[PDB]
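Q:
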Amino acid sequence: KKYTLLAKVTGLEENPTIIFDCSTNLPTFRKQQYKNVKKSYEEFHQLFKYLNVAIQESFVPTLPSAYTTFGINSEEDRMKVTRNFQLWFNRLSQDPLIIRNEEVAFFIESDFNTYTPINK
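Mapping of the sequence shown onto PDB author numbering: residues 104 to 116, 126 to 232, in sequence order.
#1: Taking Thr136 as the reference, which of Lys232, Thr226, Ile220, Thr228 has the closest Cα?
#2: Which residues mark the beginning and the end of the beta strand (DSSP E) in which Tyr146 is found?
#3: Using the Cβ count rule (16 or more neighbours within 10 Å means buried), how would you classify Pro208?
#4: How long is the line joining the alpha carbons of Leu199 and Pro128, rounded to whole angstroms?
#5: Is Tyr162 closer than 9 Å to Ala178 when the C-beta atoms are compared?
Here is the structure:
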């Protein structure tokens, strides 16, 4: 009965890339299954910055630390950062008012490294 947004962070690659699959039934999306979505950290910052000021009635989860995300040096670091982005996606998906915002869809569906908000 509920709208759902399920992200599975599958890996990472200045401006690191976060790789994830996405499953949703939200009518704001073009389709339902997305595989190997690639988003740069700066695109995440753009989405957070929009949501933080656009949805002030909700708590928008703070992004994983840029310092630790940009500072990956061990495979252990890589796993910890992967888990951090997984936790971020999980908390985002748990707010039904946030996932209804079409900027979430535009972020996920736009070309790698191109997302800035459509809405002002």
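Every residue, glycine too, gets a C-beta built ideally from N, C-alpha and C.
A: Reading from the atomic positions:
#1: Nearest in C-alpha terms to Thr136, of all of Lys232, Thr226, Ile220, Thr228, is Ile220.
#2: 145–152 is the extent of the beta strand (DSSP E) around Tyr146.
#3: It counts as exposed.
#4: For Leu199 and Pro128, the distance between alpha carbons rounds to 18 Å.
#5: It is not a contact, given that the beta carbons lie outside the stated cut-off.
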